[PDB]
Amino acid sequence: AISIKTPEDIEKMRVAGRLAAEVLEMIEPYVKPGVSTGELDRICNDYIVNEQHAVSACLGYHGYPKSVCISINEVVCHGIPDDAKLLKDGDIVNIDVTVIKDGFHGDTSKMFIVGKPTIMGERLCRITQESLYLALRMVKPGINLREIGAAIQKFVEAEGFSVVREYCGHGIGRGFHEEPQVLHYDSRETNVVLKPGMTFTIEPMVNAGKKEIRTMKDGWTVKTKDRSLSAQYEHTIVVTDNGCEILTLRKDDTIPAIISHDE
């Protein structure tokens, strides 16, 4: 039950992925010491609705209260935007955006480092991005997803980091979450052979310590069991005839929008 997108659908995904990407570009100047995450969420929502004439896919989804997720330091994912929550020097910060435009979803996140990098935050963010990028470079018709999960996990662990098991990338299109599940580690269960026009996300969560996570008493916030740092990047892609196209590319990405394995 993997959706194959038509060229008209893929074009709608390009628009929606571009808007999601542009939310993350827009917000970047506002990501500063002493800004609250509640404020950042406010800026993002206004932009999505008022300017982009889009909607947040996150708002209301399984009851999620805000328009974007903002996750700091040892928060793994689903960090809830909040006014007592102030950014400060050294923080690593994930903003994860999903927009619906013209029926189609675009889903992307990046890390921002606030004020002065700590060495360890820098390394973790860089390795996590490189883990996404290497997975992106493998995407092409006829490869299996199992191969890709296995490659991400190998790279990350070689750094003495760990891969979060509980959250995975996913098909995306008219549905926020569609088949397949894209696991960022090796599993016998995986057996999806990629085909031109599947669209999905890859979104590895990498912990500097151990892979175990815990959910907080707000019912949303996910943290490392061990309080070590955690980082995540996410891109929405379409499988093309000889590679992939990243639908959520930003100006700060250092990988090409179109990755071609063709002679």
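From 1 onward, residues are counted along the sequence shown.
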query = Of the two stretches 165-173 and 84-92, which shows the higher Cα B-factor on average in the entry?
reply = 84-92
key: Per the entry, higher mean C-alpha B factor between 32-40 and 197-205   = 32-40
note = The residue of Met111, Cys77, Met120, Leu183 with the maximal C-alpha B-factor according to the PDB record is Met120
note = Listed options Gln129, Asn144, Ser71, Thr98: highest C-alpha B factor recorded at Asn144
ask   = Split the chain's modelled residues into thirds by Cα B-factor; is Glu179 in the lowest, middle or highest one?
value = middle
key: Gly106 - which third its CA temperature factor falls in, relative to the rest of the chain   = lowest
inquiry  = Sorting by Cα B-factor within the chain, modelled residues only, which third would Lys223 end up in: lowest, middle or highest?
reply    = middle
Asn45 by Cα B-factor - lowest, middle or highest third of the modelled chain = middle
key: Within-chain third of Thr215 by Cα B-factor, per the entry   = middle
